[PDB]
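Colleague: One structure, pasted below without further comment.
Please note: Cβ atoms are built from the backbone with ideal geometry, for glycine as well, and neighbour counts cover all protein chains shown. Bear in mind these aren't lab numbers, they're just calculated from the coordinates by the rules spelled out.
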There are 2 protein chains.
Amino acid sequence: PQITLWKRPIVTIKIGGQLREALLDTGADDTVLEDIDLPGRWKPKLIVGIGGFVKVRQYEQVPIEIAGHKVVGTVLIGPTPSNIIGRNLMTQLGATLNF
Amino acid sequence: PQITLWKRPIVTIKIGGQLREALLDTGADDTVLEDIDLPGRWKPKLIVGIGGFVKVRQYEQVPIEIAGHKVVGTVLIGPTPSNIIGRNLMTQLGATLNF
Ligand SMILES: COc1ccc(S(=O)(=O)N(CC(C)C)C[C@@H](O)[C@H](Cc2ccccc2)NC(=O)O[C@H]2CO[C@H]3OC[C@H](OC)[C@H]32)cc1
Ligand SMILES: [Cl-]
Ligand SMILES: [Cl-]
């Protein structure tokens, strides 16, 4: 699909059998979700944003479906005001910005 | 231009006669710059990010050049770890996400 930016570029995701919405976020290196359970081991990581720092759980090689497209990548679980899909996963979709 | 997202989508901006770089950020409703002087009146505003909140100055009808394209819009000045171009200005470029 092609998306204009008059509205937030929100897509449906499926992860660990859970359905959620997330923002396609070219400003995010990494993918960060709040409202989700993932199984298995994970590494503490700190990530910064406008308001400072957030402590997140790093989960590696997570299967995720983003607007129908199946990928495997790193997912961070932690407090975020919005679920965000970062460039780590958008590169798997072959996503481009056009102007 | 069309760009891919293997690297951060950073563009050159010119604002109030100052040259800077900024991230094209589909996850940002608003444009937030740290390292710049704008003249005239402005309004307190609080904006929420990953890590919480930053206090910013809202400047309206600011002339800005983004990768060669002249626009006028709202610019927030405040602490941000990265200068960001939000959808308020990317819609003025006719920017789209494609996958
Ligand atoms: C290395 O890994 C990451 C590091 C940082 C981030 S981030 O979320 O902090 N961020 C980085 C930017 C600030 C350099 C990505 C942004 O797209 C972020 C994504 C985002 C979206 C919503 C809430 C919080 C964060 N957006 C905003 O903070 O937007 C601000 C500014 O405009 C307003 O619109 C939305 C917010 O208002 C709600 C305001 C993500 C992954
Ligand atoms: Cl739109
Ligand atoms: Cl990844």
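Colleague: Give segment A:10-47 a look and list any residue that's touching a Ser or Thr at 6+ places or on another chain (Cβ under 8 Å) and within 19 Å of B:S82 (Cβ to Cβ), or say none.
Modeller: A:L23, A:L24, A:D25, A:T26, A:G27, A:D30, A:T31, A:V32
Colleague: Moving on. If I filter segment B:34-47 for residues that are under 25 Å from A:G94 (Cβ atoms), in contact (Cβ under 8 Å) with a residue 12 or more places away in the chain and more than 7 Å from chain A (Cβ to nearest Cβ), do I get at least one hit?
Modeller: no
Colleague: When residues of segment A:36-69 are filtered for being part of a loop (DSSP other than H, G, I, E, B) and surrounded by 14 or more Cβ atoms within 10 Å (Cβ to Cβ), how many remain?
Modeller: Number of matching residues: 6.
Colleague: Please enumerate the residues belonging to segment B:83-99 that are part of a loop (DSSP other than H, G, I, E, B), free of Cβ contacts under 8 Å to residues at least 60 places away in the same chain and not hydrophobic (A, V, I, L, M, F, W, C).
Modeller: Listed by number, the list holds a single entry, B:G94.
Colleague: Take the residues in segment B:1-23 that are more than 7 Å from every other protein chain (Cβ to nearest Cβ) and among the aliphatic types (A, V, I, L, M), then tell me which one is surrounded by the most Cβ atoms within 10 Å (Cβ to Cβ).
Modeller: B:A22
Colleague: Give segment B:57-99 a look and list any residue that's facing chain A (nearest Cβ under 9 Å) and either farther than 23 Å from B:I3 by Cα or in contact with a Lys or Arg (Cβ under 7 Å, 6 or more places away or on another chain) (or both), or say none.
Modeller: Of everything in segment B:57-99, those that are facing chain A (nearest Cβ under 9 Å) and either farther than 23 Å from B:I3 by Cα or in contact with a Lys or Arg (Cβ under 7 Å, 6 or more places away or on another chain) (or both) turn out to be B:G78, B:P79, B:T80.
Colleague: Considering (1) in a loop (DSSP other than H, G, I, E, B); (2) touching a helix residue (DSSP H, G or I) at 6+ places or on another chain (Cβ under 8 Å), say which one B:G73 fails and leave the rest.
Modeller: All conditions pass for B:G73, except number (1).
Colleague: As an exercise: evaluate A:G27 against (1) in contact with a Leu (Cβ under 7 Å, 6 or more places away or on another chain); (2) within 8 Å of another protein chain (Cβ to nearest Cβ); (3) in a strand (DSSP E or B) and give the number of the one condition it does not meet.
Modeller: So A:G27 meets the others, but not (3).
Colleague: Looking at (1) within 16 Å of ligand 2 (Cβ to nearest atom); (2) of a type outside the set (S, T, N, Q); (3) surrounded by 13 or more Cβ atoms within 10 Å (Cβ to Cβ); (4) over 10 Å from the mean Cα position of the chain (by Cα), which one does B:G94 not meet, given that it meets all the others?
Modeller: (3)
Colleague: Considering only segment A:24-35, state which residues are surrounded by fewer than 20 Cβ atoms within 10 Å (Cβ to Cβ) and away from ligand 3 (no atom under 16 Å from the Cβ).
Modeller: Those that are surrounded by fewer than 20 Cβ atoms within 10 Å (Cβ to Cβ) and away from ligand 3 (no atom under 16 Å from the Cβ): A:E34, A:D35.
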